[PDB]
């Protein structure tokens, strides 16, 4: 039996504007249904617990798995009454997966529980996954010498190009791409909205919502030896 922890943002406002944001729903639901089976359990948490905010742009278009997820009474109640990351015991899990959405830019980078729990998974060579802006979770994760664990590792994440296309370069609190480079990672990206997944030392990163399928595939494979 494998046990996977998926983590979402709790942040629901786009910076100093009144625009709503949060989780990019399919980055939770598509990897959820791609990975789950009778031998792989998935638990979901958010940073703060309680209601998981959904970026409305992520549900503007109808989507089969988003609807499936929201129609399941159990999963609906997770979205309303989620457990906080601070309340789970990371020892129980074989992998930790960070979903995206712009909300992550405001509550992932400096979260102490993200830092300590990613270290725990990393130390037993478990799988660490992050997609889109969710890769913000990994920027500041440091070992006991204060060195970033993603230094010298090949990663991707939501690109500056994509950020410019959606018009939020000046709304986000920092450039994700630039921050990964500053952290010492080897950042790369594919062309905009193309599926792109990197895997280095069981740290698996993915660029955009269009990468969710291959992201999940990579995670599921890495769970096994």
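Residue numbers count along the first chain shown, from 1.
Student: What stretch has the higher average Cα B-factor here, 111-119 or 67-75?
Tutor: Averaged over C-alpha atoms, the B-factors run higher in 67-75.
Student: Tell me which stretch, 11-19 or 204-212, has the higher mean Cα B-factor listed in the entry.
Tutor: The stretch with the larger mean CA B-factor is 11-19.
Student: What's the residue among 44, 52, 190, 40 with the greatest CA temperature factor in the PDB record?
Tutor: That would be 190.
Student: Choose from 88, 155, 99, 136 the residue with the greatest Cα B-factor as stated in the PDB record.
Tutor: Within the set 88, 155, 99, 136, 88 shows the top C-alpha B-factor.
Student: Taking the entry's C-alpha B-factors for this chain, is residue 170 in the lowest, middle or highest third?
Tutor: Its C-alpha B-factor, which the entry lists for residue 170, ranks in the highest third among residues of this chain.
Student: Sort the modelled residues of this chain by their C-alpha B factor and say whether residue 30 lands in the lowest, middle or highest third.
Tutor: Bottom third by C-alpha B-factor.
Student: Tell me, lowest, middle or highest third: where does the Cα B factor of residue 61 rank within its chain?
Tutor: As the PDB entry reports it, the C-alpha B-factor of residue 61 lands in the highest third of its chain.
Student: Relative to the other modelled residues in the chain, which third contains the C-alpha temperature factor of residue 147: lowest, middle or highest?
Tutor: Answer is middle: the recorded C-alpha B-factor places it there.
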